[PDB]
Amino acid sequence: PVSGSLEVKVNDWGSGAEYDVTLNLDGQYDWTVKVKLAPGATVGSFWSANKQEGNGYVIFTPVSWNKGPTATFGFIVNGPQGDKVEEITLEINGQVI
């Protein structure tokens, strides 16, 4: 199985919050990070990744040069006061790390 970890630095300012993510992987992968947004929250911008968004869910994948072993990317979420995100989960090969 693939080993690794996810870390994220959060800076919330009321109407929005910035999430700086760092993936500590045991190699290079075309990883996936799934983000469950809080009610009424939406992604305002992002970097170092491609984004797929649906009903309350966001999926981030790497741009060509950001496959690890230490990948970093980030995004800003706008929404109601309180935590803007409920879950941030790293998956590789369809399996949660």
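Looking at the PDB entry, the protein carries the name chitinase, with the source organism given as Pyrococcus furiosus. For this entry, the PDB title field holds "Crystal structure of chitin biding domain of chitinase from Pyrococcus furiosus".

J.: Looking at this structure, I do not really get the overall build of the protein. What am I missing?
T.: Helix and strand content of the protein: zero helices and nine strands. Across the protein, helices and strands are ordered from the amino to the carboxyl terminus as β-β-β-β-β-β-β-β-β. The C-alpha atoms of the protein give 13 Å as radius of gyration, which agrees with the globular expectation for 97 residues (13 Å, within 12%). Here the C-alpha coordinates of the protein stretch approximately 40 × 20 × 20 Å along the principal axes. In the protein, which comprises 97 residues, the share counted as buried stands at 36%. Long-range pairs, those at least 24 residues apart, make up 67% of the contacts in the protein between residues at least 6 apart in sequence. Split by element, the accessible area of the protein, about 5,400 Å² in all, is 46% carbon and sulfur.

J.: Honestly, the pattern of salt bridges in this entry has me stumped. Any pointers?
T.: Side-chain pairs of opposite charge can arise whenever the charged atoms involved come near each other. Enumeration over the complete set of coordinates arrives at four salt bridges. Measuring nitrogen to oxygen at the nearest pair gives 2.8 Å for the salt bridge that ties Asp12 to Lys84. Placement of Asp12 in strand β1 (residues 4-12) and of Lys84 in the loop between β7 (70-78) and β8 (85-92) is noted, with a sequence separation of 72 residues between them. Relative accessible area serves as the criterion here: at 0%, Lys84 is assigned to the buried category. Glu53 is the partner of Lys51 in a salt bridge, and the nearest nitrogen-oxygen pair spans 3.0 Å.

J.: What is the right way to look at the sheet that holds strand β5 (residues 49-54) in this model?
T.: Think of a sheet as strands paired side by side through backbone hydrogen bonds, with each pair either parallel or antiparallel. With respect to topology, five strands assemble into an open sheet ordered β5-β6-β3-β8-β9, the strand pairing being antiparallel. Edge positions in the sheet fall to β5 and β9 (95-96), since each has one partner strand and no second. The pairing of β5 with strand β6 (residues 57-62) spans six bridges and is classified as antiparallel. In the sheet register, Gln52 faces β6, and the bridge partner there is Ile59.

Basis of the calculations
Residues numbered from 1 in each chain as written, not as in the entry; some residues may be left out. Heavy atoms only, no water. Helix = DSSP H or I, 4+ residues; strand = E, 2+ residues; numbered from the N terminus. Rg over C-alpha atoms; globule rule 2.2 N^0.38 Å. Buried < 20%, exposed > 50% of the residue type's maximum accessible area, 1.4 Å probe, protein only. Contact = heavy atoms within 4.5 Å. Areas by Shrake-Rupley, 256 points an atom, 1.4 Å probe, with all protein chains shown as cover. Salt bridge = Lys/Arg side-chain N within 4 Å of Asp/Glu carboxyl O. Pairing = 2+ DSSP bridges.

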